[PDB]
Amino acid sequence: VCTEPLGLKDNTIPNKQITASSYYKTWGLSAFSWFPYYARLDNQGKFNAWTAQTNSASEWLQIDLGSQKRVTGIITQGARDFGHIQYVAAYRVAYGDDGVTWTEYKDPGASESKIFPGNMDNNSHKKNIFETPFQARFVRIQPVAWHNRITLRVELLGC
């Protein structure tokens, strides 16, 4: 039920609707920017993912679904960077309607926001189905733990 791709992999969701706290540039070159809108599931290529500019705990990847939608799950991947794999091992999920106010996701009846189990390599998919689904227009992925660098490729599930 529900559990459908919301538009990241198939590019249904436009680039302008995907932003982040910051992003990385290989060799400091603007052309080699690991843009937030590259964080699409199964994205192929050489700069095929979002990588934060810095590795801090306050980085985030924001997705503007364009409208209020039912969000039931999420899927993430890391990505390779030359001779190095990079991926987010753990993360939190926040959501809202206006993209300025956020609600940290948390399992039903629980203190402290949920820290989701993430990836363990560069291409394997990690899917998490929310115990309690929610409705929102904006969703943010907040990496908590990472391997080498904060790097993501995402797909949001719902209907």
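Each residue number is its position in the shown sequence, starting from 1.
- According to the PDB record, 108-116 carries the higher mean C-alpha B-factor of the two stretches 37-45 and 108-116.
- Remark: stretch with higher mean C-alpha B factor among 85-93 and 67-75 is 67-75.
- Taking the PDB entry at face value, the top CA B factor among 22, 151, 12, 142 belongs to 12.
- The top Cα temperature factor in the record, among 50, 27, 134, 60, falls on 27.
- Ranked within its chain, residue 1 lands in the highest third, by CA B factor from the PDB record.
- The entry lists a Cα temperature factor for residue 103 that places it in the highest third of the chain's modelled residues.
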